[PDB]
């Protein structure tokens, strides 16, 4: 993928199998099962593939996958992990090492996105990288309630917190990369946009998980504030489409990106996610 001078790729940070009903909330199964595949256990396959962004000067990732040795044996099974992260080997394919990374931008701190931030002993994969998190997202991450406790794990704390930078509403790390507090899925959930030359790309995190969640009303049950999720989706998606943005995905098993035609119905351009088995 290329957006102007910026190169965009995905990294195999592992995968998870989550219950379809929970990933589609109010949408009846008969309808969502036709848009996304589920197994005998009502689980749909959700890759956890970080997004590698390379500008002329900086290298950065959008999330960190499920890591290596982080999830227990019970969690690996309960979360349908087929394979753990291959983020090191994948990075090599681009002549990079978990040390040439300058920024790790987080959409949110749920385990499916932050487990791969540190190895065991909570050291920290990505030692020279500055880590950016929305301030309230971070606050809840370290002080989760009886509900967010299930995904915000102490086990995911670590050294990276040394080079931690917090932002409230918006933040532009390196030119062209803009983070923006969306809320909805998470109180501190963030979306990221990439712009180089005239090209535009956007990753709406878990506020637009997969291509099957394009309908603003189709939000996951995980969303702590679904009304805010809908609000954001109702306005962002039509705008990004009108502006001919490329939609990047972290969880979609089939596609890595998509560009809808100036209409809002037909998504002509789908960039397939060729994940090695």
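Positions refer to the first chain, counted from 1.
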item: Mean C-alpha B-factor comparison - 18-26 and 5-13, higher one; value: 5-13
item: Per the entry, higher mean C-alpha B factor between 113-121 and 77-85; value: 77-85
item: Candidate set 174, 192, 143, 133 [ranked by C-alpha B-factor, highest]; value: 174
item: Peak C-alpha temperature factor (PDB record), options 107, 182, 148, 197; value: 197
item: Lowest, middle or highest third - CA B-factor, residue 235; value: middle
item: Chain thirds of CA B-factor: placement of residue 161; value: middle
item: Third of chain Cα B-factors occupied by residue 263; value: lowest
item: Third assignment of residue 103 from its chain's C-alpha B-factors; value: middle
item: Residue 49, C-alpha B-factor rank within chain (lowest, middle or highest third); value: lowest
